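> Chains as they are written, first to last, in the numbering used here: chain A, 1 to 372; chain B, 1001 to 1372.
Ideal Cβ positions, reconstructed from N, Cα and C, are used throughout, including at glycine.
Before we start, here is the structure in question, set down as structure tokens.
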Ligand SMILES: Nc1nc2c(c(=O)[nH]1)N[C@H]1C(S)=C(S)[C@@H](COP(=O)(O)O)O[C@H]1N2
Ligand SMILES: Nc1nc2c(c(=O)[nH]1)N[C@H]1C(S)=C(S)[C@@H](COP(=O)(O)O)O[C@H]1N2
Ligand SMILES: [Cl-]
Ligand SMILES: [Cl-]
Ligand SMILES: [Mo]
Ligand SMILES: [Mo]
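In structure tokens:
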């Protein structure tokens, strides 16, 4: 059994796949803290988790001339000044289950928790590429490809890429992280090294990093070429052409209600509605609107989190609204967020449906009742 | 009469205000060419158009030390290498009239044409600021403020600002343009010099430029402080607080059908539906979905325009779809676009309504009939 070596996990996780392991924190905890504890941080693994011996570990990074720099874990910690970045990882498949309610899709049935936040610490990718000899700017469209230590039966490793410009930008904060929420990277989250690409879909943050290579083309791996792309709602498995859409990089504006939960009965009087909101590309969320009546009237919720500099809002904003509720009434609780370029979330799922169930950002609707 | 000196305009424009002059090209022409002819390019003036004598004209630019560089038109053309940028200007109030159909708003009643595209030529703002002595990077949050030659009765000039980082970035392409579609700037469009801020709302492209100043704060002008901001649909004229929302800079994904027009009767057989689509922040539009039945089924339209580099899609994409139509049927034609960070347009206007009628990006719906 190729999965016998996997780490043990926290017992309260909402597991949707045991092998390979994929799970999300329970929604009643998801937004309980700004930083998600390492043991509740959602996990997405495509393969068995690699067992890595710290000192024999080497990160291979290909130089501009065809040579190969070979860094050990200790050298990565001491050569480069440690940088810390608090960033939210949201999986492309977050909220896929709401899509399945319209028309079945292919994929892990995530609810609203394929997203978590953490303070990451490690080397700036930028610094590692400069040390390897690359210039700050290459002419044309270049990419930085990553490969993990985890590989399938037939030898292919999980892989992804980001544009060279993003890798080199001081502002973009791309890290080769070896620390998570102040402790070392847990095995499930990439020990000893992973890439963390703030503002960008989870798929690009390659875990258990074994190689970094600069290339004129995107990563040729299956997960970069033939997956994680958005299509028209009309497209199906026989008409789908992966060359007609760009690989998902930055994600659109997103939000969900974490309290209360669907079906709940809530005491009359006052109700505190809580949730998260986030946007890709470092775009700050500037407002969250909340509705108790299915989206015909709205009030502005209160935002917490900490103002990050412009174009660098890598972390979610948690929100709450305490509102008056009348005994024996029916509520349809809805939330929607607005980002700094004023992008908004769409009303319904059907018009954004796609065969892979990714990019599910329609309003989150929660139905509950007020106790008599 | 303070407006006696205004330029004459093309006779076929859809004028919504004569003084000050505000007009849009007729929708049947809007998307007829990729570059909008200077005489049809939409015009938004807040005040009378300034009469400027070329040789006595001086652009005042404040240096880092409190000094003042003073450039003439000839020096602006010869000191700095001319750069050309094709960029679409969309006004914050575009499609405001669709908002008014839900609940009256305050503002010029634009239809779908408060948007146009042109090839601009002039000095890079960047180069002008470096010549003035500024560094490529200032610590903290800085702004570059602009003031036009046009001023109200009580002396205040039209003004706006953009973040310093945007002004200095080579990639961002901010220009002090003196040419438009190969000829000199027409008076209505800012002769002799205007700022052109690609990917950003029209309001920031200050026309008839008289001053450029770097400041730790945003432009203090009315149009930067107490206008051009987005609010919750619940907010009204007595609860509105302009300090709770950011000045609009980058705009969200947008699209509209230009052919056919509402109410048209179209021959049976085949129908070519045409329109535009655009997104702010240099984000390319990657798809346009078109529906003939009110948005329940969709087909992918065909895109034209020319692939710009990543993060620099400053120009709209024109689109068309030739579709089969049955005699004696009713059609509700709808279009929606998707940008490179996968942002999408919302289904309905009501949930994005705001008191100023700005940021109108819900699906454009056109109802027509097929002739028997
Ligand atoms: N090596 C490797 N990295 C990977 C993956 C993987 O299967 N293998 N999954 C990816 C995807 S789809 C996601 S959403 C994130 C999730 O990271 P997390 O498990 O630490 O939350 O890891 C990315 N990095
Ligand atoms: N000096 C000056 N610049 C200005 C304006 C103005 O009133 N005065 N209007 C602004 C706004 S709201 C818009 S939408 C654009 C429109 O530019 P255009 O008239 O060339 O299309 O100009 C901007 N620049
Ligand atoms: Cl997934
Ligand atoms: Cl307006
Ligand atoms: Mo993912
Ligand atoms: Mo405007």
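Please report the distance separating the alpha-carbon of residue 1129/B from that of residue 1147/B.
Distance between the alpha carbons of residue 1129/B and residue 1147/B is about 16 Å.
> What runs of the beta strand (DSSP E), each 3 residues or longer, lie entirely inside the region 208-263 of chain A?
Entirely contained in the region 208-263 of chain A, the beta strand (DSSP E) runs reaching 3 residues are, in chain order, 209-215 and 254-259.
> Would a C-beta distance cut-off of 8 Å place residue 1224/B and residue 1160/B closer than the cut-off?
Going by C-beta atoms, residue 1224/B is nearer than 8 Å to residue 1160/B.
> CB residue 1250/B to CB residue 1325/B, shorter than 8 Å?
Result no, Cβ atoms of residue 1250/B and residue 1325/B do not sit closer than 8 Å.
> Per the contact definition of three or more C-beta pairs closer than 8 Å, is the region 1273-1293 of chain B in contact with the region 1339-1353 of chain B?
Enough Cβ pairs lie closer than 8 Å, so yes.
> I'd like to confirm the pairing. Which residues does DSSP put opposite residue 1043/B in its beta bridges?
Note: residue 1043/B sits in a beta bridge opposite 1023/B.
> For the alpha helix (DSSP H) that contains residue 1276/B, what are its first and last residues?
First-last for residue 1276/B: 1269-1278, but that is the beta strand (DSSP E), not the alpha helix (DSSP H).
> Is it true that the CB of residue 175/A sits closer than 8 Å to the CB of residue 124/A?
Contact: yes.
> Rounded to the nearest angstrom, how far is the Cβ of residue 25/A from that of residue 13/A, given a contact under 8 Å?
Indeed they touch by this definition, with Cβ atoms about 7 Å apart.
> Below 9 Å between beta carbons is the criterion; list the residues of the region 1217-1251 of chain B that meet it against any residue of chain A, in chain order.
Cβ contacts with chain A come from 1230, 1231, 1232, 1233, 1234, 1235, 1244, 1245, 1246, 1248, 1249, 1250 and 1251.
> Using a Cβ-Cβ distance cut-off of 8 Å, determine whether residue 152/A contacts chain B.
No, no contact with chain B.
> Going by beta-carbon coordinates alone, are residue 1233/B and residue 1350/B separated by less than 8 Å?
Yes, the pair counts as a contact, with Cβ atoms nearer than the cut-off.
> Ignoring anything shorter than 3 residues, give me the beta strand (DSSP E) runs that lie fully in the region 1113-1197 of chain B, in order along the chain.
Qualifying beta strand (DSSP E) stretches, in chain order: 1115-1124, 1143-1151, 1157-1163, 1175-1180 and 1194-1196.
> Check each residue's C-beta against every heavy atom of ligand 7 and list, in chain order, those closer than 6 Å.
Summarising the ligand content, the structure contains ligand 1, ligand 2, ligand 3, ligand 4, ligand 5 and ligand 6 and does not contain ligand 7.
> Residue 46/A to residue 1/A, Cα distance in whole Å?
If you take the alpha carbons of residue 46/A and residue 1/A, they lie about 15 Å apart.
> Could you check where the beta strand (DSSP E) with residue 1084/B kicks off and where it finishes?
Residues 1083-1090.
> Residue 324/A bridges to which residues according to DSSP?
Looking at the DSSP assignment, residue 324/A forms a beta bridge with 270/A.
> What in chain A is Cβ-close to residue 1161/B, meaning under 8 Å?
Here the premise fails: no neighbours, minimum Cβ distance about 13 Å.
> Give a yes or no on whether 8 Å exceeds the smallest Cβ distance from residue 295/A to chain B.
For residue 295/A, the answer is yes, since a Cβ of chain B falls inside 8 Å of its Cβ.
> Do the region 1296-1316 of chain B and the region 1170-1189 of chain B touch if we need at least three Cβ pairs shorter than 8 Å?
Result yes; three or more Cβ-Cβ pairs closer than 8 Å.
> Touching or not, the region 1135-1142 of chain B and the region 1173-1193 of chain B, by the rule of three or more beta carbon pairs under 8 Å?
Contact fails: fewer than three Cβ-Cβ distances are below 8 Å.
> Is it a yes or a no for the region 1052-1062 of chain B touching the region 1288-1299 of chain B, going by three-plus beta-carbon pairs under 8 Å?
Result no; under three Cβ-Cβ pairs closer than 8 Å.
> Against chain B, which members of the region 21-45 of chain A pass a CB distance test of less than 7 Å?
From the region 21-45 of chain A, no residue has a Cβ closer than 7 Å to chain B.
> Thinking C-alpha only, which one of 1235/B, 1018/B, 1196/B and 1345/B is nearest residue 1122/B?
Nearest option by C-alpha distance: 1196/B.
> Distance, Cα to Cα, residue 99/A vs residue 1347/B?
Each residue's alpha carbon lies about 16 Å from the other.
> Can you tell me whether DSSP reads residue 76/A as helix, strand or coil?
DSSP places residue 76/A in helix when its eight states are reduced to three.
> Counting only beta-carbon separations shorter than 8 Å, does residue 344/A have a partner in chain B?
Yes, contact with chain B.
> At a threshold of 7 Å, does residue 63/A count as lining ligand 4 (C-beta to nearest heavy atom)?
No, the Cβ of residue 63/A stays beyond 7 Å of every heavy atom of ligand 4.
> By Cβ distance below 7 Å, which residues in the same chain neighbour residue 165/A in space, the five residues on each side in sequence not counted?
Excluding positions up to five away in sequence, the list is empty.
> Residue 1120/B CB to nearest chain C CB: under 8 Å?
In the structure shown, chain C cannot be found, because the protein chains are A and B.
> If you run the structure through DSSP and keep just helix, strand and coil, what is residue 1053/B?
Residue 1053/B: coil per DSSP, three-state reduction.
> Which residues mark the beginning and the end of the beta strand (DSSP E) in which residue 97/A is found?
Run containing residue 97/A: none in the beta strand (DSSP E); it sits in the alpha helix (DSSP H), 96-100.
> Mind listing the chain A neighbours of residue 1082/B? Cutoff is C-beta to C-beta under 8 Å, in chain order.
By Cβ distance, chain A contributes nothing, its closest Cβ being about 22 Å from residue 1082/B, past 8 Å.
> Measure the beta-carbon distance from residue 355/A to residue 106/A and round it to whole angstroms, keeping in mind my assumption that it falls under 8 Å.
Right, the Cβ-Cβ distance comes to about 7 Å (below 8 Å), so this counts as a contact.
> With the cut-off set at 8 Å, would you say residue 365/A and residue 332/A are in Cβ contact?
A contact, by the Cβ cut-off of 8 Å.
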